[PDB]
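As they're listed, the protein sequences go chains G, F, E and D.
The first sequence begins at 1 in the deposited numbering and counts up by one.
The second sequence begins at 614 in the deposited numbering and counts up by one.
If you use the deposited numbering, the third sequence corresponds to residues 1 to 184, 207 to 227, 240 to 633, 656 to 669, in order.
The fourth sequence begins at 411 in the deposited numbering and counts up by one.
Reading through the structure tokens given below for one structure.
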Amino acid sequence: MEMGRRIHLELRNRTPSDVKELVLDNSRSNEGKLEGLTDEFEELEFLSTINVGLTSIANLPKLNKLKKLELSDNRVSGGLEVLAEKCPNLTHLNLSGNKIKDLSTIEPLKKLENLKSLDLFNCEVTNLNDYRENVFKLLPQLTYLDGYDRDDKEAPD
Amino acid sequence: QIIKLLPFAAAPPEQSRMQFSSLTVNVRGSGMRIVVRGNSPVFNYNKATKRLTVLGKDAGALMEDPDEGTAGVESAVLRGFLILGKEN
Amino acid sequence: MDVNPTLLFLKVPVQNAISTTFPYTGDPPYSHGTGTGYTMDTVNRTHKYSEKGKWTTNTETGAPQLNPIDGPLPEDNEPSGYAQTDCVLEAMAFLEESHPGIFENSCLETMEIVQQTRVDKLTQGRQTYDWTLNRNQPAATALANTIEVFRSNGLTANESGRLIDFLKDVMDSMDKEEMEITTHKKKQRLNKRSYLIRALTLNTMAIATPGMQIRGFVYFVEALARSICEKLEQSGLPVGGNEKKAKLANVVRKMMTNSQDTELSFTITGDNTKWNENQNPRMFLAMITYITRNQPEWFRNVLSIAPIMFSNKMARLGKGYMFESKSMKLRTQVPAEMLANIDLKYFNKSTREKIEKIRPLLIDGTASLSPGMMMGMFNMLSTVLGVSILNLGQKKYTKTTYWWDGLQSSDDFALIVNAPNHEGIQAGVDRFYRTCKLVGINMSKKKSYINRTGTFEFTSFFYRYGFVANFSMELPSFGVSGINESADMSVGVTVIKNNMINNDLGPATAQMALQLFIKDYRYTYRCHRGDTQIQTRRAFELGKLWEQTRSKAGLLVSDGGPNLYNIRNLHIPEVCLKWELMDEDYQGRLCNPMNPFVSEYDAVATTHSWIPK
Amino acid sequence: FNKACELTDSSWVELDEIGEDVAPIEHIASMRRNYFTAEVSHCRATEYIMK
């Protein structure tokens, strides 16, 4: 399947303004860029893109109600200022399995002051020594890293 | 419980989620453990004779104050929880 | 961002963090360096460095011999075993001149111990080659077997109990045409050549262990060498830690402070790796004969037997080899006795080349190695030679503007050379290099460095601006020696105390050693503190004791009492440390002489001291 | 190595007690030992050691 067909199927013959959760699993994107999503989406609250073949999140619209964004099992790498400004209200984020070099590229996520949980897994950044504490220092607003807090306690919903 | 647990509060506390089942005191290098609930080798209390023993050395005698719950519930053992006595 | 401990040195001078570079601080679990190919390479290199030495055929062992002494002087920097007898004798004479009488006093103070030592002195030592059984054996059983065999063969003078008497017995037995060995009844007749080749064996599991006929002479020569070294200042043996630490500081102070400001001083640290290749038993015999000039002839013979015997030493060749066929999934082992005549297709290029090189030496499954030495038998004599070379560096002998001094301990050496200019330093170092080459002392140019005076190392005693960093010892075992409660406690506490005293063990490290000691002792003997919640059968009765006693600190640690040991109080016995605190009834019960259990270390004769079944 | 050098969240090593310290050098030794132990008792290296 392709992006646009998947989005249309998820919409369920409804306007793109009454969706509170969008599931785009095992989809595909051309040129590794986001397609289909537009400004009309303004009620989305729980997004999910897995194995979508996106090179970078460079065409994400302004989902001001986007709170639980997930970009997992993908190869997203590059600047994250687009996520910082387009969706400044992110609360839960997931980048597990992504391609990220070091903290110099994850710094822009500090702009979002509502990020209560940031998840990283099987990445290059996690290889660095004292990765957990260094990220916590870089993101004080964060409270649960990799589903664990600063004192290694599981994070109940 | 008040006498057992009071001295640990001297530091400038910070928020935490851990639920400490025992606190560690460093004595002669080796670290002894005092349990928040019940008796511990560091802190023993014999209610039959009403005597407090600290590491085997007597520390004084306790007299119950004008406040007490003698029918179960103990609210100063589990953080955020109230213990209601025997199991069901 | 990524850990990198080496970067610590970017601000901390290396000498401070030298312990960072000692990976093991213990005995590794692989034991790499023993076998057969290593012996092959050792023999090949020993005979290669003597390439131009004269070849001859022995008359008694019937094996070839190589004599490189007085050979052509080396022309290249490669190692040379061409040690000149005249130069060695001149160096020894100069050493005597600078230290008059030294050899005389050594000889006259050692004659008594030569005439006093008993036979049992040979029991102490390392593993020994048992000619009776042809395998490394404990020294005591080897001695018992040797006396039994000699008694069977009618050589019972050693019964007097004197070491010299046993050496004469060994001489007589070696003079006999053939002898009998009775093993249990199997009788083996060893002819003169067979017995001679056996007695001059050097087993290889001190890598090499000689036989028993050569123990006493080696002991006597080493005793003389030690006595000579004692009077010598530059000698690095047999002093301990504090004196060794002071030696470096004293040498540096002598070399630097006295020197003028204009004069420039430098120090070279060098390692004499593979130190036994270029030293021959014949040169040792020459120096021994020089040492005992104008002395009783019997003493000279006793002292010169050792290098004479070693010059005809026979080297055994490992246990053998192991072959495996992957095609048929088979494994087999071949002994060294069949290595003389066997195909070379099995082995690889290097191994077959080594076999080709060493083929013409294997006599009765034992190579013949006249030149070169083996590790850890004549170390003190090597130190004597080194200190002689150093003494040849005084301003009077050098007859030059520069001069030098230093220290040598036969495994490492340090040399301070000072001169009015850089060219003077170069000339001094070059002259020392050549002079030490002439005698056969080899300085490895790939493991030596030169730097301004003040910083260097010697036998791992790293020295920086008056500070020594001794790292010449490993941490011993802080565990249960397995005799009894009091015995184990006493021996181990004494061990930690002694390591603290001399081996330069930090106080905090000693405290953790004592902590782990207490842990292991309680775990092994199941004597845990009464307050602890651990559970075991012995904890039942032990618990009762904890309730009965009126003084917890009085109880012995083995009885469940607290451990009151610390840095301040380590030498005191455990029983004596708790004598007064022990309750009177407990004291009476513990030390009852009428107990049914009882019919070095410092400890009391309590009931906790029993003999395990 | 990086992960072996990180800080764990458990007491991997338990050590027994010793006598009191009276000499000032004993005080220095106890201080050094306690500081180092508190530092490393929560490191993964101790976990590997015990395992």
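Where a beta carbon is used, it is the ideal one built from N, C-alpha and C, also for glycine.
**Request:** Return the chain-ordered ranges of every beta strand (DSSP E) run that is complete within the region 133 to 164 of chain E and spans a minimum of 3 residues.
**Result:** 135 to 137
What first and last residue would you give for the beta strand (DSSP E) that runs through E:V502?
501 to 504
- Query: Which class does G:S77 belong to by DSSP, given the choice of helix, strand or coil?
  - Reply: coil
- Below 9 Å between beta carbons: does that hold for E:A453 and E:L298? It is a contact, given that the beta carbons lie within the stated cut-off.
Can you confirm whether E:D446, when its beta carbon is compared against all beta carbons of chain G, has any partner nearer than 9 Å? no
- Query: Given a threshold of 16 other Cβ atoms within 10 Å of its Cβ, counted over all protein chains shown, does E:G245 qualify as buried or as exposed?
  - Reply: With a 10 Å radius around the Cβ and a threshold of 16 neighbouring Cβ atoms, E:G245 comes out buried.
Run of the beta strand (DSSP E) containing E:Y129, from where it starts to where it stops
Run containing E:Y129: 128 to 130, per the beta strand (DSSP E) assignment.
What in chain G is Cβ-close to residue 533 of chain D, meaning under 9 Å? Outside the modelled stretch of chain D, which goes from 411 to 461, sits residue 533 of chain D, for which no answer is possible.
(request) Taking only beta-carbon positions, decide if E:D619 is within less than 9 Å of chain F. (result) no
### Task
Return the chain-ordered list of same chain residues with a C-beta closer than 7 Å to the C-beta of E:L89, the five sequence neighbours on each side being excluded.
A320, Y324
Cβ of G:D102 within 9 Å of any chain E Cβ: yes
* Asked: Expressed to the nearest angstrom, what Euclidean distance is found between the alpha-carbon atoms of E:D2 and F:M631?
  -> 30 Å
Item to complete: Going by CA-CA distance only, name the one from E:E581, E:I69, E:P28 that's closest to E:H47.
Response: Closest option to E:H47, Cα to Cα, is E:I69.
Checklist line | Contacts that E:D565 makes with chain F (C-beta to C-beta distance below 7 Å) | finding: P654
request  = Starting from the C-beta of E:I18, find all residues in its chain whose C-beta is less than 8 Å away, skip the five residues before and the five after it, and write them out in chain order.
outcome  = Closer than 8 Å at the Cβ level, and outside the excluded window around E:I18, lie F496, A503, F505.
| said: Any C-beta of chain F within less than 7 Å: which residues of the region 277 to 289 of chain E qualify? | reply: none
Could you tell me if G:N94 is buried or exposed, where buried requires 16 or more neighbouring beta carbons within 10 angstroms of its beta carbon?
buried
request  = Could you tell me whether the region 304 to 323 of chain E touches the region 333 to 353 of chain E, using the rule of 3 or more Cβ pairs below 8 Å?
outcome  = yes
Item to check | chain F contact residues for D:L417, given Cβ-Cβ distances below 8 Å | outcome: Near D:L417 there are no residues of chain F at all, since even the closest Cβ is about 15 Å away, more than 8 Å.
Bounding residues of the alpha helix (DSSP H) (the contiguous stretch that carries E:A91): 85 to 98
Length-filtered (4 minimum) alpha helix (DSSP H) runs lying within the region 329 to 408 of chain E
331 to 344, 383 to 392
Compare the beta carbon distance of E:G125 and E:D538 with 9 Å and say whether it is the shorter of the two.
-> no
> What do you get for E:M407, buried or exposed, if any count of 16 or more other CB atoms within 10 angstroms of its CB means buried?
Replying inline: buried
(Q) Please confirm whether E:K586 has its beta-carbon closer than 9 Å to some beta-carbon of chain F. (A) yes
So if DSSP puts E:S269 in a beta bridge, which residue, or which two residues, is it bridged to?
E:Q442
**Study point:** Residues, ordered as in the chain, of the region 590 to 624 of chain E that lie near chain D by beta-carbon distance below 8 Å
**Key:** Cβ contacts with chain D come from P596, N597, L598, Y599, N600, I601, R602, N603.
Original post:
What residues in the region 645 to 669 of chain F bring their beta carbon closer than 7 Å to a beta carbon of chain E?
Top reply: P654, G669
(request) May I ask which residues mark the beginning and end of the beta strand (DSSP E) holding G:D119? (result) 117 to 119
Taking Cβ to Cβ, would you say G:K111 is nearer than 9 Å to G:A84?
-> It is a contact, given that the beta carbons lie within the stated cut-off.
ask   = Who are the near neighbours of D:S420 in its chain, counting only those whose CB is closer than 8 Å to its CB and skipping five residues on each side?
value = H452, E457
Margin query: With H, G and I counted as helix, E and B as strand and the rest as coil, what does DSSP make of F:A674?
Written below: It is coil, neither helix nor strand.
DSSP-derived helix/strand/coil call for E:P315 = Three-state DSSP puts E:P315 in a helix.
At 3 residues or longer, what runs of the beta strand (DSSP E) sit wholly inside the region 6 to 57 of chain E?
54 to 57
- What do you get for E:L266, buried or exposed, if any count of 16 or more other CB atoms within 10 angstroms of its CB means buried? buried
Practice task
Compare the C-beta of F:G673 against all C-beta atoms of chain D and say whether one is closer than 9 Å.
Solution key: Chain D, which has no Cβ nearer than 9 Å to the Cβ of F:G673, makes this no.
Q: Take E:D175 as the anchor and find which of E:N153, E:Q210, E:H184 has the nearest alpha-carbon.
A: E:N153
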